[PDB]
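Structure 1 and structure 2 below are the same protein chain in two forms, each given by itself as structure tokens.
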Structure 1
């Protein structure tokens, strides 16, 4: 009944990004959020340098129209600090700092070498081939603003400014547990209707790959005392508390009252598939996210709901939800109007090199294989009905969490 979009916006609207920060060497900053703007302590380039390989000359020396001999050479790591007499030019390479008095640089193309010096074939105007210092980055300028997630694209640049460490927002702490006498750990036989806990591992892995600091409390016994203790512990040491399954997501039971008791939790019924129920609210010192017990549902819900909540909490200002694109289906998709169906598919190129999606197979939540077989979600509109081969469909490629 409640739309995903409405649920998302309600959650996020309530959240305040972390501000706590720590300063780390750049090599430790991958995927981290800059806590403060990175302001350039220098100019890039530093010294006006040559745009190409050629000769640094003077407009007066060129005037003589006489083949002027090379008084010396200036290289990137070997700036020329020599004499540079009247009728002479300075051999230079790109990036190499331009010698004092330079007015322009000429490429070795518009230049011909004679026994009495370089003879300039073309015209030479001031500024020519000279990279103006600080033209790419001026000292005192903001290179990267606070909120930027540091990547291989940004970190090397910060290093290029001679900066060793930058301040980053601390990692989001996420407490995680599951509960239910039916949940069993590996190596232990499956009791009556016991199953192996899988949601907890799934969430744990995703949290870690999202750069969160995970506090896994494991499986909490179906006991008010154990559950309440877990909640109090989690809430006291993390920013987000997640029940990977076992805690009520609507149905009344002792877990639900502990919930109602420790915070203001809403029990949503989302117009999505797979899944539907999702618990969310403020605990005393944390945000709580309760996932349905079904593995496919829990994974999907986490991916479409908790992930963007964590993104906001992190301080990341990269406003937006994962890229989606219109694509044709090579597959017939069964779809019931009424729910935004996040089916799984395989995005691939057809003979003509165009992208297309095929179903992974059965879309039931009784199996998990679709996550491995697939590489994307086929996000079928809420009101949409069955999809025939060739129809335009919205596709959202899986992120790194699924490979």
Structure 2
């Protein structure tokens, strides 16, 4: 038969879901990474009043024109503005941020002035408005500052705080149930029975889920018993928006698990044109969506990263999405490649004698090892119908995000 393209599989998945709308209001310090549920519209002008941008003296243009020294009637600070008398022929010592006096027309740097006996003289011309930041020049009251669907980071939260807003409404955390199946799987700190190995995928998915801002319900390991498995699915579906199998449940093979899966929902089993991996299951349970990952650790991790991650992004209500961008760079390592599959190989991005990045391999790309995720810092995304690439050619690279 034939293999399904990755963007095809992805677009197909995304067209089926609806982004959550349930919200909750939280103080700013608790919002890193949360999604805005509604537009943030400013109740005030920013800045709130005409203020000084420099340390210096505030004056009236008609006073400069005299050519004669102007005595300091007073001084104005941001913490305590001046409100005394400001008679004609005089100036005011003003600091950064302090509001401008009654009829001030400009602010002069402390550097472009000379102290006289009983007054201050200014050297260099003075233009109306110099060193004066005006009310509303940055933000207008009634204007939309950040649109709904915006992921909040250090770049926008402090801005929201300059508005005087202490709490904001955000979409609730996406709830994800997760578990693994297999008589060969053992828990941490327990002895290994005949033919057993330690469960690793579940911890990997748990960690990524938490760093992505989701709320995780980890149900542990379920042994190969038809009664226990059905009960696990029903419990997981009951309390979450998404249910994920980190390994053990069929992604195509006709075994006892595939039967239970199909009785509980409408599932699709795909054969993707990727490497490593290939099979992937996705479908609708009674009260949630289902994602089933392949058993191989390398394949499970790559599959979660490129399909489940963006799936969760749309569900959270985030409008900006597509994952990290890619760039073309030359390779310094011979790479082995076979046509027919988009091969996400691991490598190492680095600087060249000149200053531009170049990528090396991490070693073998088998799925019999996991260490390449640690050594490398990026994905070398080799085109579906391409073959082996030699030193010097161009390749596309995708730097790892913060999960690695």
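C-alpha atoms forming the largest set that superposes within 1.5 Å between two forms make up the rigid core. Numbering follows the first chain given and starts at 1.
A.B. asks: Which residue of 150, 311, 175, 102 is the mover here, meaning its C-alpha shifts by 2 Å or more between structure 1 and structure 2 once both are aligned on the rigid core?
C.D. replies: The residue that shifts is 102.
A.B. asks: Does residue 73 move appreciably between structure 1 and structure 2, meaning a CA displacement of 2 Å or more on the superposed rigid core?
C.D. replies: After core superposition, the C-alpha of residue 73 moves 2 Å or more between structure 1 and structure 2.
A.B. asks: On a core-based superposition, does residue 127 travel 2 Å or more at its Cα between structure 1 and structure 2?
C.D. replies: Residue 127 C-alpha, core-superposed: shift of 2 Å or more.
A.B. asks: Taking the rigid core as the reference frame, is the Cα of residue 260 displaced by 2 Å or more between structure 1 and structure 2?
C.D. replies: Not so; residue 260 is displaced by less than 2 Å.
A.B. asks: Enter the rigid core superposed C-alpha shift of residue 323 between structure 1 and structure 2, rounded to one decimal in Å.
C.D. replies: Its C-alpha position differs by 0.8 Å.
A.B. asks: Fitting the two forms on their rigid core, what distance in Å separates the Cα positions of residue 194 between structure 1 and structure 2?
C.D. replies: After core superposition, the C-alpha of residue 194 moves 1.7 Å between structure 1 and structure 2.
A.B. asks: By how many angstrom does residue 88 shift at its CA between structure 1 and structure 2 when the core is held fixed?
C.D. replies: That residue's C-alpha sits 3.6 Å away in the other form.
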